[PDB]
Amino acid sequence: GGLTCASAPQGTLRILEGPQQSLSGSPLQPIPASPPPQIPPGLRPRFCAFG
Amino acid sequence: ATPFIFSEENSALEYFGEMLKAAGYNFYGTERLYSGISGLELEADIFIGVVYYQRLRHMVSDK
């Protein structure tokens with residue numbers, strides 16, 4: 001029950017949970033481009049010149 | 001009329017100009033106006049359209 005002292009420890013192993021692999025996909029997923037505005041189909045002159 | 005949706009290769013004046021060319025009117029928004037103080041045709045064509053005006057409370061002073 002004396003509990004004598006011991007020598008100096010050489011190395012200290014650190015145990016830790018691993019990096020989060022297979023979380024990010026190898027291609028990227030962007031928000032798609034909002035489309036450029038279209039001229040709508042079915043546009044015709046509705047105004048006739050009077051008389 | 002949301003901002004940043006018109007680029008420089010698809011402009012905001014090559015879109016509504018073609019909308020007006022489809023509706024018969026001028027590509028550049030300029031309609032031929034006559035006069036009413038005289039009666040004859042103004043020689044330089046006049047930009048006309050529809051613009052949403054408002055009305056401020058900052059009224060005439062009434063003082």
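Residues numbered from 1 in each chain as written, not as in the entry; some residues may be left out. Chains lettered and ligands numbered in written order. Part of a larger assembly, values for the part shown. Heavy atoms only, no water.

- By the method listed in its record, cryo-EM, this PDB entry was determined to a resolution of 3.1 Å.

**Topic: the overall build of chain A**
- Looking only at helices and strands, chain A has 0 helices and 0 strands in total.
- At 37 Å, chain A has a C-alpha radius of gyration far larger than the 10 Å of a compact globule built from 51 residues.
- Seen through its principal axes, chain A has C-alpha atoms that stretch 120 × 20 × 15 Å.
- Split into buried and exposed, the 51 residues of chain A put 0% on the buried side.
- For chain A, the accessible area works out to roughly 5900 Å², and carbon and sulfur atoms hold 60% of it. (Helix = DSSP H or I, 4+ residues; strand = E, 2+ residues; numbered from the N terminus. Rg over C-alpha atoms; globule rule 2.2 N^0.38 Å. Buried < 20%, exposed > 50% of the residue type's maximum accessible area, 1.4 Å probe, protein only. Areas by Shrake-Rupley, 256 points an atom, 1.4 Å probe, with all protein chains shown as cover.)

**Some remarks on the pattern of salt bridges**
- One pass over the structure, following the stated rule, counts 1 salt bridge over all chains.
- Of the charged contacts in the structure, one is a salt bridge between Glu41(B) and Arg32(B), with a shortest N-O distance of 2.7 Å. (Salt bridge = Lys/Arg side-chain N within 4 Å of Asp/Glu carboxyl O.)

**Thoughts on unusual backbone geometry**
- Although it is not a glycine, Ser22(A) sits at a positive phi angle of roughly 60 degrees.
- Of note in the backbone geometry, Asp62(B) takes a positive phi value of approximately 55 degrees without being a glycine.
- Its location among the elements puts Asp62(B) in the segment after strand 2 (46-47).

**Examining the packing of aromatic side chains**
- Going through the model one piece at a time under the given rule, you end up with 5 aromatic pairs over all chains.
- Taking the centre distance of 6.1 Å and the plane angle of 50 degrees together, the rings of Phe47(A) and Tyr25(B) count as tilted.
- A residue is classified by how much of its surface remains accessible, and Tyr25(B), at 41% relative accessible area, is partly exposed.
- On the basis of an interplanar angle of 80 degrees and a centroid distance of 4.8 Å, the ring pair of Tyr15(B) and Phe16(B) is categorised as edge-to-face.
- A relative accessible area of 16% places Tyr15(B) in the buried class.
- Taking relative accessible area as the criterion, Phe16(B) reaches 45% and is therefore assigned partly exposed. (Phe/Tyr/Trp six-rings, centres within 6.5 Å; stacked < 30°, edge-to-face > 60°.)

**Overview of the interface of chain A and chain B**
- Counting residues at the interface gives 8 residues for chain A and 9 residues for chain B.
- Here chain A packs against chain B, burying approximately 710 Å² in sum over the two surfaces, 73% of which is carbon and sulfur.
- A per-residue breakdown of the area chain A buries against chain B is headed by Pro37(A), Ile39(A) and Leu43(A), which together make up 54% of the total.
- Joining chain A to chain B, the criterion identifies 0 salt bridges.
- Split into classes, the residues belonging to the side of chain A that touches chain B amount to 6 nonpolar, 1 polar and 1 charged. (Contact = heavy atoms within 4.5 Å. Buried area = accessible area lost by both parts, 1.4 Å probe. Nonpolar A, V, L, I, M, F, W, Y, C, P; charged D, E, K, R; others polar.)

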